[PDB]
file data_25.tsv (TSV, C-alpha atoms)
chain	number	residue	atom	x	y	z
A	2	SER	CA	-15.82	-60.84	-35.37
A	3	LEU	CA	-13.28	-63.38	-34.25
A	4	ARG	CA	-9.52	-62.79	-34.47
A	5	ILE	CA	-7.10	-65.72	-35.04
A	6	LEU	CA	-3.49	-65.42	-34.08
A	7	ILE	CA	-1.26	-67.71	-36.20
A	8	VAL	CA	2.29	-68.00	-34.78
A	9	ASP	CA	5.11	-69.97	-36.41
A	10	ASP	CA	8.78	-69.16	-37.07
A	11	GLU	CA	8.41	-70.34	-40.62
A	12	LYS	CA	6.89	-67.84	-43.02
A	13	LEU	CA	6.74	-70.52	-45.65
A	14	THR	CA	4.42	-72.28	-43.29
A	15	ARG	CA	2.02	-69.60	-42.12
A	16	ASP	CA	1.62	-68.71	-45.83
A	17	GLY	CA	1.00	-72.36	-46.84
A	18	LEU	CA	-1.39	-72.54	-43.91
A	19	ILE	CA	-3.39	-69.42	-44.83
A	20	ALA	CA	-3.31	-70.31	-48.48
A	21	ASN	CA	-4.93	-73.65	-47.66
A	22	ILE	CA	-7.68	-72.58	-45.32
A	23	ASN	CA	-10.95	-71.40	-46.59
A	24	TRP	CA	-11.56	-68.32	-44.45
A	25	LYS	CA	-14.81	-67.72	-46.31
A	26	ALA	CA	-16.58	-70.58	-44.54
A	27	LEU	CA	-15.03	-69.77	-41.19
A	28	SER	CA	-16.14	-66.96	-38.84
A	29	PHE	CA	-12.83	-65.06	-38.54
A	30	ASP	CA	-12.51	-61.38	-39.33
A	31	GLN	CA	-8.88	-60.93	-38.51
A	32	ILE	CA	-5.85	-63.00	-39.14
A	33	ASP	CA	-2.82	-61.78	-37.27
A	34	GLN	CA	0.49	-63.31	-37.51
A	35	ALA	CA	3.75	-63.67	-35.66
A	36	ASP	CA	7.40	-64.71	-36.20
A	37	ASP	CA	7.73	-65.83	-32.64
A	38	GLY	CA	6.45	-65.83	-29.11
A	39	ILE	CA	7.77	-62.49	-27.98
A	40	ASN	CA	6.33	-61.14	-31.14
A	41	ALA	CA	2.84	-62.82	-30.68
A	42	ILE	CA	2.52	-61.57	-27.12
A	43	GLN	CA	3.14	-58.03	-28.29
A	44	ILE	CA	0.37	-58.46	-30.83
A	45	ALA	CA	-2.10	-60.29	-28.55
A	46	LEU	CA	-1.94	-57.51	-25.99
A	47	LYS	CA	-2.85	-55.08	-28.81
A	48	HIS	CA	-5.53	-57.36	-30.29
A	49	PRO	CA	-6.77	-60.18	-28.07
A	50	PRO	CA	-6.92	-63.40	-30.03
A	51	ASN	CA	-10.00	-65.54	-29.78
A	52	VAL	CA	-7.95	-68.40	-31.18
A	53	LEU	CA	-4.25	-69.16	-31.24
A	54	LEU	CA	-2.56	-71.51	-33.64
A	55	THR	CA	1.01	-72.43	-33.01
A	56	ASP	CA	3.96	-74.71	-33.42
A	57	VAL	CA	4.76	-76.60	-30.23
A	58	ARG	CA	8.57	-75.98	-30.39
A	59	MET	CA	10.05	-72.62	-31.24
A	60	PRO	CA	13.49	-71.35	-30.35
A	61	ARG	CA	13.67	-69.07	-27.30
A	62	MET	CA	9.94	-69.46	-26.48
A	63	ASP	CA	8.00	-72.64	-26.98
A	64	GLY	CA	4.39	-72.65	-27.96
A	65	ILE	CA	3.71	-73.94	-24.45
A	66	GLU	CA	5.45	-71.03	-22.71
A	67	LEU	CA	3.47	-68.96	-25.18
A	68	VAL	CA	-0.05	-70.25	-24.70
A	69	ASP	CA	0.85	-70.06	-21.05
A	70	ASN	CA	0.97	-66.31	-20.82
A	71	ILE	CA	-1.69	-65.96	-23.40
A	72	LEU	CA	-4.05	-67.93	-21.18
A	73	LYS	CA	-2.82	-65.93	-18.22
A	74	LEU	CA	-4.57	-62.90	-19.65
A	75	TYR	CA	-7.21	-64.24	-22.02
A	76	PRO	CA	-8.48	-67.46	-20.41
A	77	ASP	CA	-11.23	-67.33	-23.02
A	78	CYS	CA	-8.91	-68.16	-25.94
A	79	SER	CA	-8.75	-71.56	-27.71
A	80	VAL	CA	-5.45	-73.02	-28.77
A	81	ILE	CA	-4.57	-75.30	-31.63
A	82	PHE	CA	-1.06	-76.70	-31.75
A	83	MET	CA	0.65	-77.98	-34.84
A	84	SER	CA	2.64	-80.79	-33.30
A	85	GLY	CA	5.53	-82.93	-34.47
A	86	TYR	CA	7.22	-86.23	-33.73
A	87	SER	CA	7.27	-86.53	-30.04
A	88	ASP	CA	5.76	-83.19	-29.19
A	89	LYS	CA	2.83	-85.23	-28.08
A	90	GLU	CA	4.46	-86.51	-24.87
A	91	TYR	CA	5.41	-82.89	-24.35
A	92	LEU	CA	1.93	-81.47	-24.73
A	93	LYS	CA	0.48	-83.85	-22.26
A	94	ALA	CA	3.13	-83.11	-19.59
A	95	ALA	CA	2.55	-79.38	-19.73
A	96	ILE	CA	-1.21	-78.91	-20.17
A	97	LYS	CA	-3.24	-81.14	-17.82
A	98	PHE	CA	-6.75	-79.65	-17.43
A	99	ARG	CA	-7.44	-77.89	-20.65
A	100	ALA	CA	-8.48	-78.60	-24.23
A	101	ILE	CA	-5.28	-79.95	-25.80
A	102	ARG	CA	-6.28	-79.44	-29.49
A	103	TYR	CA	-3.55	-80.53	-31.88
A	104	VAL	CA	-2.82	-81.53	-35.48
A	105	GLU	CA	-0.05	-83.91	-36.49
A	106	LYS	CA	2.60	-82.98	-38.95
A	107	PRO	CA	2.63	-83.56	-41.87
A	108	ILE	CA	-0.29	-81.13	-41.46
A	109	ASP	CA	-3.38	-82.16	-43.36
A	110	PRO	CA	-5.36	-78.94	-44.10
A	111	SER	CA	-8.61	-80.81	-43.56
A	112	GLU	CA	-7.72	-81.60	-40.02
A	113	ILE	CA	-6.74	-78.05	-39.51
A	114	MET	CA	-10.11	-76.91	-40.77
A	115	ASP	CA	-12.02	-78.93	-38.18
A	116	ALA	CA	-9.90	-77.89	-35.33
A	117	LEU	CA	-10.74	-74.39	-36.50
A	118	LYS	CA	-14.48	-74.98	-36.86
A	119	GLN	CA	-14.40	-76.39	-33.41
A	120	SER	CA	-12.24	-73.77	-31.79
A	121	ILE	CA	-14.68	-71.17	-33.05
A	122	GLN	CA	-17.50	-73.17	-31.45
A	123	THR	CA	-15.69	-73.33	-28.11
A	124	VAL	CA	-15.01	-69.61	-28.10
A	125	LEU	CA	-18.66	-68.76	-28.89
A	126	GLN	CA	-19.52	-71.05	-25.96
A	127	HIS	CA	-17.13	-69.20	-23.60
A	128	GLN	CA	-18.65	-66.02	-24.93
A	129	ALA	CA	-21.98	-67.29	-23.58
A	130	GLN	CA	-21.33	-66.57	-19.82
B	2	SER	CA	12.30	-77.12	-70.43
B	3	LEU	CA	13.79	-75.26	-67.42
B	4	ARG	CA	12.24	-77.17	-64.51
B	5	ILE	CA	12.56	-76.72	-60.82
B	6	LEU	CA	11.78	-79.80	-58.71
B	7	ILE	CA	10.59	-79.10	-55.17
B	8	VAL	CA	10.62	-81.93	-52.75
B	9	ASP	CA	9.02	-81.77	-49.35
B	10	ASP	CA	7.06	-83.95	-47.01
B	11	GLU	CA	4.60	-81.11	-46.20
B	12	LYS	CA	2.02	-79.59	-48.53
B	13	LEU	CA	1.99	-76.33	-46.59
B	14	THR	CA	5.73	-75.86	-47.12
B	15	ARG	CA	5.72	-76.44	-50.90
B	16	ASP	CA	2.64	-74.27	-51.34
B	17	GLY	CA	4.08	-71.49	-49.08
B	18	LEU	CA	7.29	-71.75	-51.01
B	19	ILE	CA	5.73	-71.56	-54.34
B	20	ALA	CA	3.61	-68.69	-52.98
B	21	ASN	CA	6.78	-66.86	-52.00
B	22	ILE	CA	8.68	-67.19	-55.28
B	23	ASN	CA	8.44	-64.34	-57.74
B	24	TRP	CA	8.47	-66.66	-60.69
B	25	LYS	CA	8.10	-63.53	-62.77
B	26	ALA	CA	11.83	-62.72	-62.13
B	27	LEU	CA	13.18	-66.22	-63.00
B	28	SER	CA	13.33	-68.60	-66.02
B	29	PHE	CA	11.57	-71.72	-64.77
B	30	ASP	CA	9.32	-73.14	-67.43
B	31	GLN	CA	7.85	-75.59	-65.01
B	32	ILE	CA	7.37	-76.12	-61.29
B	33	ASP	CA	7.32	-79.70	-60.14
B	34	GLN	CA	6.65	-81.30	-56.79
B	35	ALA	CA	7.03	-84.39	-55.06
B	36	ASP	CA	6.53	-85.35	-51.45
B	37	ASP	CA	9.20	-88.01	-50.86
B	38	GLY	CA	12.50	-88.95	-52.37
B	39	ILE	CA	10.98	-91.74	-54.45
B	40	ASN	CA	8.07	-89.91	-56.02
B	41	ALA	CA	10.77	-87.35	-56.74
B	42	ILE	CA	12.91	-89.81	-58.71
B	43	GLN	CA	9.79	-91.17	-60.33
B	44	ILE	CA	9.15	-87.69	-61.82
B	45	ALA	CA	12.81	-86.77	-62.46
B	46	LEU	CA	13.00	-89.77	-64.87
B	47	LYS	CA	10.15	-88.43	-66.94
B	48	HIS	CA	10.64	-84.65	-66.58
B	49	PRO	CA	14.39	-84.06	-66.06
B	50	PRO	CA	14.96	-81.22	-63.58
B	51	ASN	CA	17.39	-78.37	-63.77
B	52	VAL	CA	17.12	-77.39	-60.14
B	53	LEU	CA	16.49	-79.48	-57.02
B	54	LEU	CA	15.14	-77.72	-54.02
B	55	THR	CA	14.83	-80.15	-51.09
B	56	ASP	CA	14.81	-80.71	-47.31
B	57	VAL	CA	17.97	-82.44	-46.00
B	58	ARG	CA	16.30	-84.85	-43.55
B	59	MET	CA	13.32	-86.81	-44.66
B	60	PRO	CA	11.77	-90.12	-43.59
B	61	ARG	CA	11.85	-92.50	-46.54
B	62	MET	CA	14.75	-91.04	-48.50
B	63	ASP	CA	16.55	-88.05	-47.04
B	64	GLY	CA	17.66	-85.06	-49.09
B	65	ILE	CA	21.10	-86.61	-49.17
B	66	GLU	CA	20.24	-90.00	-50.73
B	67	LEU	CA	17.88	-88.37	-53.19
B	68	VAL	CA	20.26	-85.71	-54.20
B	69	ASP	CA	22.81	-88.38	-54.95
B	70	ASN	CA	20.49	-90.30	-57.27
B	71	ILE	CA	19.42	-87.21	-59.06
B	72	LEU	CA	23.03	-86.12	-59.55
B	73	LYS	CA	23.74	-89.56	-61.05
B	74	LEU	CA	20.93	-89.33	-63.65
B	75	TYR	CA	21.38	-85.63	-64.34
B	76	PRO	CA	24.98	-84.53	-63.61
B	77	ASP	CA	23.83	-81.09	-64.56
B	78	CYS	CA	20.97	-80.57	-62.10
B	79	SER	CA	21.94	-77.85	-59.57
B	80	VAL	CA	20.47	-78.47	-56.11
B	81	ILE	CA	19.38	-76.28	-53.18
B	82	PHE	CA	19.05	-77.68	-49.66
B	83	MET	CA	16.87	-76.43	-46.86
B	84	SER	CA	18.61	-77.41	-43.55
B	85	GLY	CA	18.23	-75.39	-40.31
B	86	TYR	CA	20.80	-75.92	-37.50
B	87	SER	CA	20.06	-79.50	-36.50
B	88	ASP	CA	21.85	-80.97	-39.46
B	89	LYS	CA	23.92	-78.29	-41.08
B	90	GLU	CA	26.31	-80.48	-39.21
B	91	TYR	CA	26.23	-83.15	-41.88
B	92	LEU	CA	28.79	-81.24	-44.05
B	99	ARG	CA	31.49	-80.73	-54.95
B	100	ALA	CA	29.54	-78.27	-53.56
B	101	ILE	CA	25.93	-77.51	-52.82
B	102	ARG	CA	23.98	-74.56	-51.84
B	103	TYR	CA	21.83	-74.49	-48.76
B	104	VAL	CA	19.49	-72.22	-46.86
B	105	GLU	CA	19.16	-72.53	-43.10
B	106	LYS	CA	15.72	-72.74	-41.42
B	107	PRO	CA	13.68	-70.91	-40.64
B	108	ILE	CA	13.87	-70.14	-44.35
B	109	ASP	CA	13.46	-66.63	-45.52
B	110	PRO	CA	12.07	-66.26	-48.94
B	111	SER	CA	14.68	-63.66	-49.73
B	112	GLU	CA	17.38	-66.20	-49.33
B	113	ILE	CA	15.76	-68.94	-51.24
B	114	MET	CA	14.94	-66.51	-54.01
B	115	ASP	CA	18.67	-65.61	-54.25
B	116	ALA	CA	19.84	-69.20	-54.45
B	117	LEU	CA	17.17	-69.84	-57.17
B	118	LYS	CA	18.57	-66.95	-59.27
B	119	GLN	CA	22.09	-68.09	-58.74
B	120	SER	CA	21.18	-71.67	-59.64
B	121	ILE	CA	19.33	-70.53	-62.81
B	122	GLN	CA	22.24	-68.32	-63.78
B	123	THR	CA	24.43	-71.44	-63.63
B	124	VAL	CA	22.13	-73.50	-65.86
B	125	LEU	CA	21.66	-70.65	-68.34
B	126	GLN	CA	25.27	-69.54	-68.51
B	127	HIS	CA	26.02	-73.21	-69.08
B	128	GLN	CA	23.03	-73.92	-71.36
B	129	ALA	CA	24.72	-71.55	-73.70
B	130	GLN	CA	26.58	-74.37	-75.29
B	131	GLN	CA	24.10	-73.24	-77.91
call {"tool": "encode", "arguments": {"input": "data_25.tsv", "output": "structure tokens"}}
result
Amino acid sequence: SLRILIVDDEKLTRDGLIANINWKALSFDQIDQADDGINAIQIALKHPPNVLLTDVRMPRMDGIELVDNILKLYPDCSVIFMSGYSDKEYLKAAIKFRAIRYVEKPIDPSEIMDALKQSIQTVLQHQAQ
Amino acid sequence: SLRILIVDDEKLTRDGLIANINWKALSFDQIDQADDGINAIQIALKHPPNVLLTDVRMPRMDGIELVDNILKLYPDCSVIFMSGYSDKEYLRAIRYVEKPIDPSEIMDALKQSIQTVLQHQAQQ
């Protein structure tokens, strides 16, 4: 009964993303999704995500600013970023002590399926104390 | 055939695009795709397209160079550009749709582009 929150300003992309993941081997039960940060926060507070998947850059509220408040109130949540050209330098400057999981554009949907298998594992682990 | 030729670096974007196009309400005979400008041309020589839908900036061959080659081999191909802010700035007469793309807008441009081909195909 895990919820995943997929956030990305590009409908084309969340749809490609969902279309390419095999949810029937994963342990999710809910897939929420969000146009933007403000929009994902509204949703998270209604339905706490166990896992968050997001673009690093996003007008008017980065994925960093986003995970940031998400973690604020759900420390227990794993994050997977879909990261671009030099979003990598960026990730490292902002995170620090925390499980930087990312996937390099051009996204390969195999890589994204590991990060997900592993996220789930992490969350189950947190759920253990 | 009425072919659309979709050219994008990212599998998830082509997929999500194709997913979002009510190909019921258009004439396309064939959907074609094509991850870089060169694999594009490689296919356009063998299966001549009627519509080009493409990202402006790309690594090995950006929308712009590609689109120019296609328009040389197929004066009649109509082309749609996905752009988004960054490089709208880089400027007969092509259509484009600004990122983040909404399917509604692409869908419109596809119908307009197909109307243009049909209308003009009717040189019987």
call {"tool": "residues_around", "arguments": {"input": "data_25.tsv", "residues": "residue 27 (chain B)", "least_positions_apart": "3", "cutoff": "8 Å", "atoms": "only C-alpha atoms", "output": "list in words"}}
result
residues 23, 24, 117, 118 and 121 of chain B
call {"tool": "interface_residues", "arguments": {"input": "data_25.tsv", "of": "chain A", "to": "chain B", "cutoff": "10 Å", "atoms": "all atoms listed in the file", "output": "ChimeraX atom specification"}}
result
/A:9-21,36,106-110
call {"tool": "residues_near_point", "arguments": {"input": "data_25.tsv", "point": "(-8.1, -73.0, -36.2)", "cutoff": "9 Å", "atoms": "all atoms listed in the file", "output": "VMD selection string"}}
result
chain A and resid 5 7 52 to 54 79 to 81 113 to 121
call {"tool": "closest_residue", "arguments": {"input": "data_25.tsv", "among": "A:122, A:128, A:40, A:111", "to": "residue 75 (chain A)", "atoms": "only C-alpha atoms"}}
result
A:128
call {"tool": "closest_residue", "arguments": {"input": "data_25.tsv", "among": "B:84, B:25, B:8, B:37", "to": "residue 60 (chain B)", "atoms": "only C-alpha atoms"}}
result
B:37
call {"tool": "residues_around", "arguments": {"input": "data_25.tsv", "residues": "residue 103 (chain A)", "least_positions_apart": "2", "cutoff": "8 Å", "atoms": "all atoms listed in the file", "output": "PyMOL selection string"}}
result
chain A and resi 81-84+101+105+116
call {"tool": "closest_residue", "arguments": {"input": "data_25.tsv", "among": "B:57, B:35, B:129, B:78", "to": "residue 92 (chain B)", "atoms": "only C-alpha atoms"}}
result
B:57
call {"tool": "residues_near_point", "arguments": {"input": "data_25.tsv", "point": "(15.5, -70.3, -33.1)", "cutoff": "10 Å", "atoms": "only C-alpha atoms", "output": "PyMOL selection string"}}
result
(chain A and resi 10+37+58-63) or (chain B and resi 85-86+106-107)
call {"tool": "decode", "arguments": {"input": "data_25.tsv", "residues": "region 21-97 of chain A", "atoms": "C-alpha atoms", "output": "tab-separated table (two decimals), in the first residue's frame"}}
result
chain	number	residue	atom	x	y	z
A	21	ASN	CA	6.82	2.67	-19.49
A	22	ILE	CA	6.84	1.40	-15.95
A	23	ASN	CA	5.50	-1.93	-15.07
A	24	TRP	CA	3.44	-1.16	-11.97
A	25	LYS	CA	2.42	-4.81	-11.79
A	26	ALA	CA	5.84	-5.90	-10.52
A	27	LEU	CA	6.18	-2.93	-8.21
A	28	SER	CA	4.48	-2.54	-4.81
A	29	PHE	CA	2.61	0.75	-5.43
A	30	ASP	CA	-1.13	1.08	-4.95
A	31	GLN	CA	-1.48	4.72	-5.79
A	32	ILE	CA	0.02	6.88	-8.41
A	33	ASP	CA	-0.64	10.55	-7.85
A	34	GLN	CA	0.49	13.20	-10.10
A	35	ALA	CA	1.28	16.88	-10.21
A	36	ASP	CA	1.83	19.75	-12.70
A	37	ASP	CA	4.13	21.52	-10.32
A	38	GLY	CA	5.47	21.98	-6.85
A	39	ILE	CA	2.68	24.04	-5.37
A	40	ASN	CA	0.38	21.48	-6.82
A	41	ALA	CA	2.33	18.42	-5.43
A	42	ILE	CA	2.47	19.87	-1.94
A	43	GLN	CA	-1.29	20.29	-1.95
A	44	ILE	CA	-1.62	16.65	-2.90
A	45	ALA	CA	1.06	15.28	-0.53
A	46	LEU	CA	-0.62	16.89	2.44
A	47	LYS	CA	-3.84	15.09	1.40
A	48	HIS	CA	-2.08	11.79	0.63
A	49	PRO	CA	1.43	11.38	2.04
A	50	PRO	CA	3.74	10.00	-0.61
A	51	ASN	CA	6.01	7.14	0.27
A	52	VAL	CA	8.04	8.00	-2.81
A	53	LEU	CA	8.49	11.17	-4.82
A	54	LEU	CA	9.71	11.32	-8.38
A	55	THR	CA	10.56	14.66	-9.82
A	56	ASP	CA	12.35	16.83	-12.30
A	57	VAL	CA	15.20	18.77	-10.72
A	58	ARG	CA	14.33	22.13	-12.38
A	59	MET	CA	10.80	23.44	-12.60
A	60	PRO	CA	9.72	27.03	-13.01
A	61	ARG	CA	8.67	28.83	-9.81
A	62	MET	CA	9.57	25.85	-7.56
A	63	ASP	CA	12.48	23.54	-8.18
A	64	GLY	CA	12.37	19.91	-7.32
A	65	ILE	CA	14.87	20.73	-4.58
A	66	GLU	CA	12.67	23.39	-2.96
A	67	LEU	CA	9.98	20.76	-3.34
A	68	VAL	CA	11.59	17.71	-1.79
A	69	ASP	CA	12.66	20.17	0.85
A	70	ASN	CA	9.24	20.80	2.29
A	71	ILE	CA	8.16	17.32	1.52
A	72	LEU	CA	10.94	16.01	3.73
A	73	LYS	CA	10.06	18.66	6.29
A	74	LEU	CA	6.84	16.81	6.97
A	75	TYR	CA	7.41	13.25	5.79
A	76	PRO	CA	11.07	12.49	6.57
A	77	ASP	CA	10.18	8.90	5.74
A	78	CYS	CA	9.76	9.54	2.00
A	79	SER	CA	12.28	8.50	-0.70
A	80	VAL	CA	13.05	10.78	-3.59
A	81	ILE	CA	14.09	10.02	-7.12
A	82	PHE	CA	15.13	12.91	-9.31
A	83	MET	CA	15.10	12.89	-13.08
A	84	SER	CA	18.14	15.03	-13.71
A	85	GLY	CA	19.53	16.83	-16.73
A	86	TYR	CA	22.77	18.29	-18.05
A	87	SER	CA	24.36	19.95	-15.16
A	88	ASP	CA	21.65	19.38	-12.61
A	89	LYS	CA	24.14	17.05	-11.06
A	90	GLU	CA	26.38	19.80	-9.63
A	91	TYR	CA	23.14	21.28	-8.39
A	92	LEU	CA	21.89	18.19	-6.61
A	93	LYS	CA	25.09	17.75	-4.75
A	94	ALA	CA	25.19	21.38	-3.52
A	95	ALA	CA	21.71	21.22	-2.07
A	96	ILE	CA	21.35	17.74	-0.55
A	97	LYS	CA	24.40	16.75	1.53
